[PDB]
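What follows is one structure encoded as structure tokens, with my remarks underneath.
Counting convention: from 1, in listed order, for ligands and their atoms alike. Hydrogens, waters and symmetry mates are skipped; everything else that's a heavy atom, side chains included, is used. Position 1 is the first residue of the sequence, and the numbers go up from there.
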Amino acid sequence: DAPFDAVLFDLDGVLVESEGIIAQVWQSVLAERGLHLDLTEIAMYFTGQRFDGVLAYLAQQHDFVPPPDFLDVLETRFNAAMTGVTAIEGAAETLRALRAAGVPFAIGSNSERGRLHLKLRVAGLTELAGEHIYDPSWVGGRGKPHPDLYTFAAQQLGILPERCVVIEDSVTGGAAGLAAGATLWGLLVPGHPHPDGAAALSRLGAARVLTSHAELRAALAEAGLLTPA
Ligand code: NA
């Protein structure tokens with residue numbers, strides 16, 4: 001019983017860490033302007049939120065209206081900050097193991113293409129990540145949670161989607177994997193913010209929810225793709 005031929009990875013939260021860095025920028029920019037919020041609140045409600053929606057949130061939940069220089073200073077600091085993106089603990093090891101085993105894999109991300117490659121570069125994963133790296137410009141803009149990106153990724157590997165496992169840390173990305181016909185394994189490495197929690201991924205339909213790259217490799221070995229410890 002070999003369930004899988006190939007692995008499809010999300011980027012943010014699974015291979016690289018960036019949500020944490022961006023939350024820290026929101027926190028310091030607001031703090032300097034009077035408002036002190038917890039990183040968990042910032043990650044939960046500001047992430048993937050549009051700027052006017054953040055403004056609405058701040059007014060509604062915190063009676064707060066940032067001063068005029070808010071937009072200008074945030075974009076400055078968000079830019080200086082992309083620099084500090086790091087690899088997720090054990091991600092390089094998982095990519096190295098799949099490569100040594102000859103297991104096909106691809107990366108699918110909603111990031112704009114330049115940003116996608118920038119993050120892999122600064123995290124030191126460019127060489128390990130390989131050549132199958134897809135952002136929504138490859139599928140006409142129809143990014144996650146549409147299945148298109150993962151359908152396309154599987155096609156490029158020459159593998160049926162139903163024979164892929166998708167490694168995701170959000171309902172947005174996990175739904176794209178499931179809608180493509182793949183199996184979903186959630187991966188929620190602790191100490192890093194993720195858009196959704198384990199219960200939400202399980203309810204969505206994740207076959208399992210893993211908590212470390214070491215756990216991921218062990219599961220992959222159980223599935224016949226890697227060699228067990
Ligand atoms: Na993600």
Side-chain angles (χ1 to χ4, degrees), residues 7-26 39-40 42-50 78 81-82 84-92 94-95 105-123 125 128-129 132-139 141-154 164-180 182-213 215-216:
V7 180
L8 308 175
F9 288 102
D10 176 44
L11 178 71
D12 262 84
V14 170
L15 300 175
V16 306
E17 151 61 47
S18 98
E19 188 177 345
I21 295 57
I22 291 160
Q24 188 53 79
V25 163
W26 283 114
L39 287 178
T40 58
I42 288 170
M44 170 134 294
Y45 298 98
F46 292 25
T47 300
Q49 206 33 254
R50 279 248 213 184
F78 280 139
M82 262 301 100
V85 157
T86 52
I88 296 284
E89 290 70 17
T94 291
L95 297 183
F105 64 85
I107 291 168
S109 177
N110 271 5
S111 290
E112 180 271 322
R113 190 171 186 164
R115 209 84 21 80
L116 200 174
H117 294 276
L118 180 270
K119 287 188 275 199
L120 287 169
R121 207 150 63 232
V122 311
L125 296 181
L128 291 172
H132 297 103
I133 308 277
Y134 304 116
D135 63 279
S137 69
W138 294 75
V139 291
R142 284 175 59 83
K144 308 171 196 179
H146 301 292
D148 303 40
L149 201 41
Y150 285 131
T151 299
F152 181 82
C164 294
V165 59
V166 166
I167 310 304
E168 275 278 7
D169 76 333
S170 68
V171 166
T172 296
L178 293 165
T183 297
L184 173 62
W185 286 3
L187 178 67
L188 291 176
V189 174
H192 298 277
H194 304 291
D196 295 285
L201 296 184
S202 292
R203 281 195 262 282
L204 174 62
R208 32 209 288 80
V209 180
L210 308 175
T211 62
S212 73
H213 269 280
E215 280 194 5
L216 172 56

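The nearest pair of heavy atoms linking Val25 to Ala81 is CG2-CB, 3.7 Å. Pairing each heavy atom of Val85 with each of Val16, the nearest pair is CG1-CB, 3.9 Å. The shortest heavy-atom contact between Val166 and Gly177 is CG2-CA, 3.8 Å.
Put simply, the angle at the Na ion (ligand 1) from OD1 in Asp169 to O in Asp12 is close to 90°, to the nearest 10°.
Nearest N/O/S atom of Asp10 relative to the Na ion (ligand 1): this is OD2.
Here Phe46 pairs with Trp26, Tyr57 under the ring pair (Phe, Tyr, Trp, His ring centres under 6.0 Å) rule; sequence neighbours left out.
At a threshold of 3.0 Å, the Na ion (ligand 1) has no backbone or side-chain N, O or S atom of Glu19 nearer than that distance.
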